[PDB]
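> as they sit in the full assembly, here are the leading chains:
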Amino acid sequence: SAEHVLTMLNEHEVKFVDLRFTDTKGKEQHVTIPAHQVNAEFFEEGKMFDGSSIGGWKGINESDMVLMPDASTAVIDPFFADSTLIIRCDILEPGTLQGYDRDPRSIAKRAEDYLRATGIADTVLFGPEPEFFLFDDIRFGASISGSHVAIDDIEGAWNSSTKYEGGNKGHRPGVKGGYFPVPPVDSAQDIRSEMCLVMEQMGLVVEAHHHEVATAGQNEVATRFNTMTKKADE
C-alpha cells in the first residue's frame, strides 16, 4: 500500500518519483514528481497530464493512477533517490479507466481479469525470453541524398583486421558462433552478471544469463515467469 510506499519514502529519504510510469502504444515513459506531492489523494485520485502519442482533438487530460503502488521501487541509475512507481495507465478520467487510445497496462488486465470471468481458468503465467544486442557504436541516418547505418563492438568478427593500439588481442566470436565460449572471447559477463544483480535489485528473479549466438554482442538474461500483467511489466 501507500501507507507503505509512504514509509519506503522515508525508509530511503528519496525525493522525486518517476522513471518508467506510463507506456505507449509502443513502450516506456516517465514524469518526475518532487518527493513531497506524494501523499494519498495522490494515491487515491491520482495526478493527471494529457494526450501525446495517441490522442485526437483537444484536451483529453488523463488521470495517472499513481498505481500498482506495489510496482514501486528505488531506481538505481537516477542521481538522487526516487521511487520509480509505475502508473496504471491514466485510468481514463472521471469514468476512470482505459487511457486514451490504449492503456496497454489496462488492456493487459481487462484481458487478464476477463480471463478470470470465463472460468477457462484462474491465472495465466507468461515467461518471455527476450534476447538483446550489446554493441559499442551505432551510427545511421537517411536523407534525400543517401541513407545508411553502421554497427561496431570489439567482437563481431569484422573487427579482427581492425587496428586498435592496445591493439587487436584477437579473441572474439565469429558470426553465428557466440556460444558461451569462455571469456577472453566473451565481450563480457560482468555486464550480464551486473544486469542480474540490478534486475533482481529492481525486483525480478534471474534464472541464468549467457551469450546468445551472434558475432557481435548477442546477450540473453532469463527471468522467472509471472502473470501477464506482472511479467509484461517486468
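Yep, it's here. Residues are numbered from 1 along each chain as shown, chains lettered A, B, ... in the order given.
> show me where chain A has strands.
Taking DSSP state E, the strands of chain A run over residues A:47-50, A:61-66, A:72-74, A:83-85, A:87-88, A:131-133, A:137-143, A:146-152, A:206-211, A:218-223.
> need the CA coordinates for the first one. PDB is fine.
Listed next in PDB are the C-alpha coordinates belonging to strand A:47-50 (Å, rounded to 0.1, in the frame of the first residue of the first chain):
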ATOM      1  CA  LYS A  47      -2.300  13.100 -10.900                       C
ATOM      2  CA  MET A  48      -3.200  13.900 -14.500                       C
ATOM      3  CA  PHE A  49      -1.400  15.200 -17.600                       C
ATOM      4  CA  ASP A  50      -2.700  14.900 -21.200                       C
END
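> re earlier: let's have the strands of chain A in CSV, adding distance to residue A:95.
Every C-beta, even on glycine, is put in place using the N, C-alpha and C of the backbone. Shown next, in CSV, are the strands of chain A (distance: least, Cβ to Cβ, whole Å):
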stretch, distance to residue A:95
strand A:47-50, 13
strand A:61-66, 10
strand A:72-74, 25
strand A:83-85, 23
strand A:87-88, 14
strand A:131-133, 38
strand A:137-143, 43
strand A:146-152, 45
strand A:206-211, 40
strand A:218-223, 35
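> among these, which is nearest residue A:25?
strand A:61-66 (13.9 Å; Cβ to Cβ).
> in its sheet, what does the closest one sit against?
Applying DSSP bridges to the sheet, strand A:61-66 is found paired with strand A:47-50 (antiparallel), strand A:87-88 (antiparallel).
> adding distance to residue A:8, write those out as JSON lines.
Below are these laid out as JSON lines (distance: least, Cβ to Cβ, whole Å):
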{"stretch": "strand A:47-50", "distance to residue A:8": "18"}
{"stretch": "strand A:87-88", "distance to residue A:8": "17"}
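> winner for burial among those strands?
Greatest average neighbour count among those goes to strand A:87-88 (a mean of 24), per mean count of other Cβ atoms under 10 Å.
> against residue A:190, how distant is the closest residue to residue A:101 other than its chain neighbours?
Nearest residue to residue A:101, sequence neighbours excluded (Cβ to Cβ, 6 or more residues apart in numbering): residue A:54, at 3.4 Å. Noted for residue A:54: a distance of 40 Å to residue A:190, by Cβ to Cβ, to the nearest Å.
> the two: who's more crowded?
A count of neighbours by other Cβ atoms under 10 Å puts residue A:54 above the other of residue A:54 and residue A:190, at 13 against 9.
> what's the local residue count around residue A:35?
16.
> tell me the contacts of the closest residue to it other than its chain neighbours?
Leaving out its chain neighbours, the residue that sits closest to residue A:35 by Cβ to Cβ, 6+ apart is residue A:15, at 3.6 Å. Taking Cβ atoms under 8 Å, 6 or more residues apart in numbering, we find residue A:15 in contact with A:34-35, A:80-82.
> now the sequence for chain B, which goes on the structure above:
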Amino acid sequence: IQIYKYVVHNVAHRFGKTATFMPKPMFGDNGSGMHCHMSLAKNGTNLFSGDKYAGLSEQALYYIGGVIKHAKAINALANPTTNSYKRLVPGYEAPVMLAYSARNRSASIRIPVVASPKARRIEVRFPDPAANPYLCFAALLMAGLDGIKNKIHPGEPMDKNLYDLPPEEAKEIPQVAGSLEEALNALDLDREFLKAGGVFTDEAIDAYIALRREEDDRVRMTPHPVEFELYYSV
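This next block brings in chain B, placed alongside the chains you saw above:
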C-alpha cells in the same frame, strides 16, 4: 601461347594494369583456366572423327582413354603452383570428373557438338594458364596416343552430373587428381608413357618434379591468414 602471354602482360601493363595468368587470384570468383581442345589428323583427315558417340571414332576414344588414364600425372604437368588446384576444387561447375560428355560438365573432357566431321575434337579443360604449353601439350598428346596406342577405353560418357549420393560411387568415380603433392606423385610413377619416344628423360621428369616440390613446400610451411581465422583462439 608464349606470345599470347607476352602481349597480354605487356599491353595490359602499357595500359595501366598488371595482367596475371594465375589460376585463382581470388576466392569466390573464377580463376582463369586454359581449356585445351585437340585432335590429330593424317593427311587432311582428322582420324578423330567417325561414327560412335557424338561423331568421333574408335581412335579418339583411346585418346579420351589416355588422358583419363594418366590424368593425375598430366595435371602435375598442366596444373602447377598450388594455386592451380584452388580452382580444381570440386565444383559441379568445376571440371574434376574424368569422363566425357558434350554437356554434363563437371566432366573434364568435353566433346563439343560438331557439324562438319571436318572439325570434330576433344576439349580437356582442367589445364590452367600456368603451364609451359610445351610440357603440357606434350604430356597431353604423349598420353592421348599411348591410349590410342594400346587399346584403352573410355567406357561411357557422364551425362549424369556429379551429384550422386556423393559416395554412391559418384564417390567411387575418377578424379582430376586435385592437389599438387598428389599430382607431383603420380608423375613420379607415371614416368613411362612420357618417357616413351625419348620425349621425356628420367631427369627432365625428375628435375621437373623436384622443382614444383620446393614451392609446394614453401607453401605449406608458411601459415595462412585463414588458419588464424579459424585456429587462433583455441
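> mind listing what the closest residue to residue A:200 other than its chain neighbours touches?
Closest residue in space to residue A:200, ignoring its immediate chain neighbours: residue A:206 at 5.7 Å, by Cβ to Cβ, 6 or more residues apart in numbering or on different chains. Residue A:206 sits next to A:196, A:199-200, A:221-224 when contact means Cβ atoms under 8 Å, 6 or more residues apart in numbering or on different chains.
> can you do 6 Å?
Shown in contact with residue A:206 (Cβ atoms under 6 Å, 6 or more residues apart in numbering or on different chains): A:196, A:199-200.
> quick check: residues of chain B near chain A?
Neighbours of chain A within chain B, by Cβ under 6 Å from any Cβ of the partner chain: residue B:233.
> in helices only, show me the contacts of residue A:206.
A:196, A:199-200 (DSSP state H).
> just the buried ones out of these, please.
A:196, A:199 (16 or more other Cβ atoms under 10 Å in any protein chain shown).
> can I get the ones in helices among the contacts of residue A:206 in TSV with distance to residue B:100?
Output for the ones in helices among the contacts of residue A:206, formatted as TSV (distance: Cβ to Cβ, whole Å):
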residue	distance to residue B:100
A:196	67
A:199	69
A:200	72
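> which of the ones in helices among the contacts of residue A:206 sits closest to residue B:79?
Using Cβ to Cβ, those come closest to residue B:79 at residue A:196, 59.0 Å.
> what pairs with the residue lying closest to that closest one once chain neighbours are set aside across the strands?
Once flanking residues are discounted, residue A:196 sits nearest to residue A:206: 4.2 Å by Cβ to Cβ, 6+ apart. Judged by DSSP bridges, the bridge partners of residue A:206 are residue A:223.
> distance of whatever residue of chain A ends up closest to chain B from residue A:190?
For chain A, the residue closest to chain B is residue A:171, as judged by Cβ to the nearest Cβ, at 4.6 Å. For residue A:171, the distance to residue A:190 equals 16 Å [Cβ to Cβ].
> likewise for residue B:53?
72 Å.
> number of residues surrounding whichever residue of chain B sits closest to chain A?
At 4.6 Å from chain A, residue B:233 is the closest residue in chain B, using Cβ to the nearest Cβ. Counted by other Cβ atoms under 10 Å in any protein chain shown, the residues lying close to residue B:233 total 13.
> interface residues of chain A facing chain B?
A:171, A:185.
> number of nearby residues for residue 202?
Picked chain A for this. 15.
> actually, chain B is the one I wanted.
Residue B:202 has 10 nearby residues by other Cβ under 10 Å.
> dump the residue contacts of it.
Applying Cβ under 6 Å, 6+ apart, no residues contact residue B:202.
> kindly recompute the last result at 8 Å.
B:191, B:195.
> ok, now the one 10 residues further on?
Residues touching residue B:212, when contacts are defined by Cβ under 8 Å, 6+ apart, comprise B:76, B:80-81, B:180, B:184.
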